[PDB]
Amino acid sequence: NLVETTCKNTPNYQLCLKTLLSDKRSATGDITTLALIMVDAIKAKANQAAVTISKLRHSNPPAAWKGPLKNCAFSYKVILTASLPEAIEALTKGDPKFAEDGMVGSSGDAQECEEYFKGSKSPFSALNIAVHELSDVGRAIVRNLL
């Protein structure tokens, strides 16, 4: 019952469980594999956010959203091109401290994104919240190895 036990040691059991059991690798999965499955979930959501940000920026958004959008674009670019790749590298290399830092970064960047839309509607709030939730679950999985 590693998936059960692992997901119990996360800040969101039901999300962890739903996510790991979607993936085929979970049934035969050690802690690192489960980390690896979470990263790929974060990546799916981050790719969606990246496109969604781009669309909005191309849809003649109100001026007040230009700042937030532009900053969010940078956030997801870092997540996609640096944070997540380095986590996959680190988990592969057997160096989890560096994969925890990927999960910490992606969580803060998604949260910082949401935060720019404070006091207004947030046009892709669910995607920010998903990247943060999923990231906070990956970080917990990763910390079993520290």
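When you see a residue number, it is the position in the sequence shown, counting from 1. Between two forms, the rigid core is the largest collection of C-alphas that superpose within 1.5 Å.
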Original post:
Comparing C-alpha positions in 7 other deposited structures of this protein against this form, with the rigid core used for the fit, which stretch differs more, 5 to 13 or 121 to 129?
Top reply: 121 to 129
Subject >> Larger mean CA deviation from the shown form in 7 other deposited structures of this protein [core fit; 31 to 39 vs 59 to 67] >> reply: 59 to 67
Original post:
Where do the C-alpha atoms have the higher mean temperature factor in this entry, in 61 to 69 or in 26 to 34?
Top reply: 26 to 34
**OP:** Identify the stretch, either 92 to 100 or 47 to 55, whose C-alpha atoms have the larger mean B-factor according to the entry.
**Re:** 92 to 100
Original post:
Among the chain's modelled residues, which third holds the C-alpha B-factor of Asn9?
Top reply: middle
**OP:** Would you mind checking where the Cα B-factor of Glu86 ranks among the modelled residues of its chain, as the lowest, middle or highest third?
**Re:** highest
Subject >> Ranked C-alpha temperature factor of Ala126 among modelled chain residues, by third >> reply: lowest
**OP:** Name the third of the chain's ranked CA B-factors that contains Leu134, choosing lowest, middle or highest.
**Re:** lowest
